[PDB]
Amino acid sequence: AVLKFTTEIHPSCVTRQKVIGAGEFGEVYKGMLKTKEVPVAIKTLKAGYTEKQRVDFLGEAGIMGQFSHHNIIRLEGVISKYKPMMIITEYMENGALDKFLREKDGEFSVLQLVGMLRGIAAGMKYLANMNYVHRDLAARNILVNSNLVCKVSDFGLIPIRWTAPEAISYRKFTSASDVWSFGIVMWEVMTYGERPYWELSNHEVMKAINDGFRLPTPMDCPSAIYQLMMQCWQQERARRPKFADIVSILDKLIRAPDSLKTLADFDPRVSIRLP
């Protein structure tokens, strides 16, 4: 029953090509799937895995099969009847959002960037409504397709700089701590992948946040977008927007795009005197 929303794939339909990462107990590969061949990512569970690892692996496949949304990574299927077991997802040539924006600095319009954020927010609204707390939302966990559509994923791992204070302090992870993380993602997108808090150490980040400091506005950032990320970073969990509010706000800004022309004042870190 754990695999009720998943398609079982026969191993003869899968070819593994290059290792692209590691799982908890097995490699992740780029490969091809027959069912004209479709590129896929393939996470394996290799011989010797523990009972806990098997339960976590098939549980991961199960929840991924349950999710069916434009802005959540698509599960092609699972291999559970043969060894090694496999989780097989779609593949994106553009890759992860953090590296994508750092390699494409300044190449998009404000409307394109805000559209990315709306898609991420819609995927998160779906997850939260499905009672799934992500716990590791960050641009590194978002894939970008060749239509610029962002797909929330979870590639596995402490992301202090993305994590809400209550989650750091007492391990309270909820959809409202995911909203904090979403605010950080907004900042990542609007800066083309800058490092949150720059060179501050993890301890310095937490000290600054506890003292009320917040990331300053990105350059060229719509006022409404900076205001929204600031609301995501309310210290009091209950004061943060829900994902439904975030989607609604972003939709309204996109549909009346003149709203995005008003920019938040950027605080220069360096002034040049010239005549």
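Basically, rigid core = biggest C-alpha set you can superpose within 1.5 Å across the two forms. In this text, residue numbers run from 1 along the sequence as written.
Divergent stretch in 9 other deposited structures of this protein, 37-45 or 230-238 [C-alpha RMS, superposed by the core]: The answer is 37-45, which departs more from the shown form in 9 other deposited structures of this protein.
Line up the rigid core: which moves more in 9 other deposited structures of this protein, 76-84 or 140-148, by C-alpha RMS? When 76-84 and 140-148 are compared in 9 other deposited structures of this protein, the bigger C-alpha shift is seen for 76-84.
Determine if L97 is unmodelled in a third or more of the other PDB entries compared for this protein. Residue status for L97: no gap in any other entry.
Does a third or more of the other compared entries skip modelling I184? Residue status for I184: no gap in any other entry.
Please figure out whether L157 and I158 are truly consecutive in the deposited sequence or have unmodelled residues between them, and give none, 1 to 3, 4 to 9, or 10 or more. Going from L157 to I158, the model skips 10 or more residues of the deposited sequence.
How many residues that are in the deposited sequence but not in the model lie between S68 and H69: none, 1 to 3, 4 to 9, or 10 or more? Nothing is missing.
Which is higher on average in the deposited entry, the C-alpha temperature factors of 235-243 or of 46-54? On average, C-alpha B-factors are higher across 46-54.
58-66 versus 245-253 - greater average Cα B-factor per the deposited record: That would be 58-66.
Entry-reported Cα temperature factor of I225, expressed as the chain third it lands in: It falls in the bottom third of the chain.
Comparing against every modelled residue in the chain, figure out the third that the C-alpha B-factor of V38 lands in (lowest, middle or highest). According to the entry, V38 has a C-alpha B-factor in the chain's highest third.
Would you check the entry's CA temperature factor for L215 and let me know if it's in the chain's lowest, middle or highest third? Ranked within chain, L215 CA B lands in the lowest tercile.
According to the PDB entry, is the CA B factor of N202 in the bottom, middle or top third of its chain, that is, lowest, middle or highest? Middle third, going by the recorded CA B-factors of the chain.
Going by what the PDB entry lists, where does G115 fall on CA B-factor within its chain: lowest, middle or highest third? Its C-alpha B-factor, which the entry lists for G115, ranks in the lowest third among residues of this chain.
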